[PDB]
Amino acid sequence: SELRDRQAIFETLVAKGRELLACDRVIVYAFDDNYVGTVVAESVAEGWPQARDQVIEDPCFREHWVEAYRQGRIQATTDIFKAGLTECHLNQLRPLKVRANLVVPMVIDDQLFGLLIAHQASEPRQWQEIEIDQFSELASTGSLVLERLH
């Protein structure tokens, strides 16, 4: 089925993504038609909370970032507590122990299907250029495969 195919690619991306970065969590944050996100796949190291299957109603993608991510925006944050973020934003990340994160888009048929997101937990992390390139390329490869499968 189309749903089984997407999930297989998503499980591949989170597993390979966490291996590539040796970070604490990688997820696929998939959007519904109103850009409400569901954590549909997760690779997470031992001891950290599981984000899998959580629904996170974060309005900034629908309201502000859909176009930039469609166009290939990448967001990397070394220290979420030093990024000018509001408490509402921080309270989504605190339970998952996020301290640093890297966000790349999954664009399929020119549409923003979701985000591949890496977390460093309870520890800041400066994401390096070639790490970002490898992670962006992983998301693109996965997205291109899904484009070709159907």
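Note that residue numbering begins at 1 and tracks the sequence as displayed.
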*For the C-alpha atoms alone, is the average B factor greater in 139-147 or in 2-10, going by the entry?*
2-10
*For the higher mean C-alpha B factor in the entry, choose 63-71 or 50-58.*
50-58
*C-alpha B factor of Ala83, ranked within the chain: lowest, middle or highest third?*
highest
*If you rank the chain by CA B-factor, which third does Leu96 end up in: lowest, middle or highest?*
middle
*Using the B-factor values recorded in the entry, state whether the Cα atom of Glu42 falls in the lowest, middle or highest third among the modelled residues of its chain.*
lowest
*asked:* Looking at the temperature factor on the CA atom of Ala121, which third of the chain's modelled residues does it land in?
replied: highest
